[PDB]
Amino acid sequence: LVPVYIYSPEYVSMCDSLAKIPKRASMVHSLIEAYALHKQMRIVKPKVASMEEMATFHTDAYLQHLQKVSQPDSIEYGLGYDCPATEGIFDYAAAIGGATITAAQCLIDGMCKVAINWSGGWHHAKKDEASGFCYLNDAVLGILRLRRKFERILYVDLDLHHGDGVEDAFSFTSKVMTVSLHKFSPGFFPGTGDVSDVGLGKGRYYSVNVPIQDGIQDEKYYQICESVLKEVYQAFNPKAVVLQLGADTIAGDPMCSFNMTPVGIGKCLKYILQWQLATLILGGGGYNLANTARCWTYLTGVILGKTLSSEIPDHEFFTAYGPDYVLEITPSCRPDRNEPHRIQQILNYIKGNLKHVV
């Protein structure tokens, strides 16, 4: 009845080797270890995602190319600047999926109410192509696995970016719903998913997308979140939840767009949690490394329902939390360019869309 925490040194170190965020998992796990919160969770070692296990969603050519490469044909398979070809990513990606699959497996074995995989949450990678630092849509692998025991699954995406890859995969079906809350403005990755984009075919209206602009703090974010999800849950009536809790919305992230504190996102986490559903907790974006570790450290708190010591404790990465050495984050002071006009104009458009589900 206690939460499953996906950890191993071998995993964490694989996850530190992803170029675009060196030492982030180390840091994350470390601040958590430091607050001793891992001792209040069942630590589960993640399995290696088998060639087939990954092939559930990723077209086998890809998963074969990415293996040779990890030991010319790189530009085909979506690799680029965003996604280097570091020998060897094949194991890196195969550890994130495996972790997310392991977490989902616990949930479906009845091992826990909640499973955590901070290292996962790569909501961009497509079936045949890498995109957005994402090599492997581990959420998709998480949801697919969850779909063996549970009927209706709900993906909620609270990362700064659009969960496009998760949206894509389940845009056709009505058996999975995606709520993504993100920035929308052209040029800004991935530049898919305006409110209008709602899912196609047998699963039309089964894709929510909330476009938001810079400046938004907790107060207003919880509003849009508590709103949407309330109407989504009542309508969709899901059997399990998959949460992507990207850190790049938070103040101090060099991506400097939203203005969240972990408290605000944690209020949303508190909300989703009260549903007493099976819940898969994934990370995502996080580019202020300390703020990220602060953030997911915090969140593990609310999952465990344990309020945390404000003073950061000493450990490996203590120095990173200076100068003020605390868990809380101060919002930056800059305009909330979300006119309260357009917000209500967005709720309705969504609210009316939910009158169709299902």
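Heads up: residue numbers just count along the shown sequence, starting at 1.
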Residues of the deposited sequence that sit between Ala235 and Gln234 yet are not modelled: none
114-122 set against 213-221, stretch whose average Cα temperature factor tops the other in the entry: 213-221
Between 285-293 and 304-312 (mean CA B-factor, as deposited), the higher: 304-312
Residue with maximal Cα B-factor (values as given in the PDB entry) among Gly246, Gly80, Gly142, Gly98: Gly80
Peak C-alpha temperature factor (PDB record), options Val156, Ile89, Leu160, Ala240: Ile89
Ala169 - which third its CA temperature factor falls in, relative to the rest of the chain: lowest
Modelled-residue ranking by C-alpha temperature factor, third containing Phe318: lowest
Third of the chain, ranked by Cα B-factor, where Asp253 sits: middle
Record-listed C-alpha B factor of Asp73: chain third: highest
Within-chain third of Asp109 by Cα B-factor, per the entry: middle
